[PDB]
């Protein structure tokens, strides 16, 4: 198999099985994907891959579940599921075929690449690199525009060392360099579509169903990153302050309580494929 669409047909692409999976096996491949431990810091929910990852008939299912009895675990009320490659990559092509979640608003099916934090690097250097190949169903609010289910985000995030500190460079702070939004003509929660990203030393280009939808210069995104599919929690179950999702107790908020009838909810992934340019 090859990348659906690339910027230069003269390039050659070699599939990298260390972060590619057609999910034809019902036993998740925990040699390839990190089951526990080394998973993203989430302040608003926890991961439970034993309970929240299932694969059936060629399709992986990642599920957001409400904790039994509404009992917090370390300040959080839900668990989710995540495929995080052990293998890191920097440049290459990354693609996943994904269908979103039936809840509509409240979770964020995501395909994304992220590094560790290296706070040792020199002034101006990158501490942390994150490329979001797609964030679905976030219902983001930006400059007075409220998104709905058809809108998606395709953003870059980094932390850069400045005057001794790691300073976050966020998409809404640097939108020309880092923010991408695209509106689909179909509801991403209802069917599978193909989300791709081509990453090289110069540029990062994003594709949806084989159409280029965004491109940005590669300013900071040169660190090794793990290939990630995960189902994130969003409002009404979280509330933003201090540059982080804070968990909301779904029994203390009407909007969160009424969405509980729609939990558990799942994203689905037919494949993930990674290539390197040869």
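Numbering follows the first chain given and starts at 1.
Higher average CA B factor: 245-253, of the stretches 64-72 and 245-253.
Of the two segments examined, 25-33 and 236-244, it is 236-244 that shows the higher average Cα temperature factor in the deposited entry. When the C-alpha B-factors of 112, 142, 207, 89 are ranked from the entry, the top spot goes to 142.
Highest C-alpha temperature factor among 41, 226, 230, 218 per the entry: 41. When the CA B factors of the chain's modelled residues are split into thirds, the value for residue 15 lands in the middle one. Looking at the C-alpha B-factors along this chain, the one for residue 200 belongs to the lowest third. Ranked by C-alpha B-factor against the other modelled residues of its chain, residue 79 falls in the middle third. Sort the modelled residues of the chain by CA B factor and residue 185 lands in the middle third.
Looking at the C-alpha B-factors along this chain, the one for residue 94 belongs to the lowest third.
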